[PDB]
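Only one chain comes next, encoded as structure tokens, the form deposited in one PDB entry.
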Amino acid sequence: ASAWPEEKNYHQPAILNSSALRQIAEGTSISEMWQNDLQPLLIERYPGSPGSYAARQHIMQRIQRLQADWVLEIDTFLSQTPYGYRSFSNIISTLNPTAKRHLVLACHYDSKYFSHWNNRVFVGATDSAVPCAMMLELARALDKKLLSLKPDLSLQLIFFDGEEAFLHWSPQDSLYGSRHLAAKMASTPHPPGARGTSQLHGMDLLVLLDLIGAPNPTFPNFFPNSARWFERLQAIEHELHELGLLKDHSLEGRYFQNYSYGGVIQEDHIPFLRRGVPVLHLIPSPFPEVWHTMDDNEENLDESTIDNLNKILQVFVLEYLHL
């Protein structure tokens, strides 16, 4: 009876030295992400809408153009909603599908449904078009390093559909894509042929990005079983800062601060956390002031903060994967 699902408990990062940190800082481009990955997603994209299809095609196309061996799968399902039965499609992008373990980065790509108001349209820029673009930029920036994976451990990106409630939050009306996918992964043997382990046992850590893009975010350390990885984000932030690799940044105004958070936040990690998956939830507390308003738009995004977080995230991922 292999103990491989316990490996994640002892897994340590392979820390990057100063020269490598400068390389990562120089290898990501916030302006290229902005134009090529983010702007195409700043459209109305609630589930089942024409924009939802356009956002999915954009995400799939940007991944497909990369050199690394990404395997794309669309998880399409039906769910009851306040508006009746509807179809949803989660996007899963995986390197080394048969590898036993994967570090997983995730966000939701749907935008909350609102009828147009005074000619304004809700596009959910921080919620979560920026997180989606950050994941696409990370795949692009780290492409040459990721190509080398072609520790039986690799990387998977998940873009959930239907995270938002169609009305206001309720247990049945929200998290459509993550409740579906967590249940599906929980009942899928992994690796192929396994007798008693599932895809969820293979998820080392689920790093969920949500509501990112506003100024001065503060991310609390929510869970004790991922606290040591939260500490790594703090250390990476501190060292990139000391190396002069972050922009418009101070340690007093650091993003990853020492402090827990006892409450529960309804978000896509919930169905995974309730099935025993370790989660590192990168959602700020408090939420962006523009949360769920028409002002959650491009103009209110903080470019340097997103750039700094791209650098921190990319370093975290390379160190976790020993790349």
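Residue numbers run from 1 along the displayed sequence.
The form deposited with a small molecule bound is left out here; the points below concern that form.
The partner is absent here, but in the deposited complex a heavy atom of 164, alone among 164, 237, 204, 137, sits within 4.5 Å of the small molecule.
Note on contacts: among 39, 266, 49, 257, the single residue with a heavy atom within 4.5 Å of the small molecule in the deposited complex is 266. When contacts are judged by a 4.5 Å heavy atom cut-off, residue 283 counts as touching the small molecule in the deposited complex. For residue 261, a non-hydrogen atom is located within 4.5 Å of the small molecule in the deposited complex, even though that partner is not displayed. None of the heavy atoms of residue 53 is located within 4.5 Å of the small molecule in the deposited complex. Contact between residue 132 and the small molecule in the deposited complex is not found at the 4.5 Å heavy atom cutoff. Only one segment in the set 53 to 61, 66 to 74, 283 to 291, 39 to 47 has residues whose heavy atoms sit within 4.5 Å of the small molecule in the deposited complex; it is 283 to 291.
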